[PDB]
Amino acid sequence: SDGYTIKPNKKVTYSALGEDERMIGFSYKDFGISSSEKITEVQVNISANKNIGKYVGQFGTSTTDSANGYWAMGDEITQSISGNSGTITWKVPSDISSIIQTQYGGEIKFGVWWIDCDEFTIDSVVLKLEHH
């Protein structure tokens, strides 16, 4: 197939996160992804009990690259969501995608540096793929 989805229904209160807890982690093994598959995009679908407004954050992932601490981060994303639900998307760079570690404890992490609506729910996280 060409993608996997999880539905964690994880309630997040931004203002209750400590300075070292602003990245929400999900184990790659929860998706059922194969090591033969290349991730091109990560989508996080969120909702709230009011208009979400602006999100600012970054994604990070485990990698197989020991020289860089088995970790990589994507670019900062700023996004305005006008209504009560929306989707944040990371297009994964080819160089990071080629070394993502989905096995042996590897995780995808959703960083929330700021969000206007304090409480929101992560309804689903989606990985989009390619092959060959």
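For every residue, the number given is its place in the sequence shown, counted from 1.
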Legend entry - Which of 101-109 and 78-86 has higher mean CA B factor, as the PDB entry lists it: 78-86
Legend entry - Which of 46-54 and 33-41 has higher mean CA B factor, as the PDB entry lists it: 46-54
Inset, instruction - Can you work out whether the C-alpha temperature factor of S124 puts it in the lowest, middle or highest third of the chain? - result: lowest
Legend entry - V92, C-alpha B-factor rank within chain (lowest, middle or highest third): middle
Legend entry - CA B-factor ranking of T61, expressed as a third of its chain: lowest
Inset, instruction - Place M23 in the lowest, middle or highest third of its chain's C-alpha B-factors, as listed in the PDB entry. - result: lowest
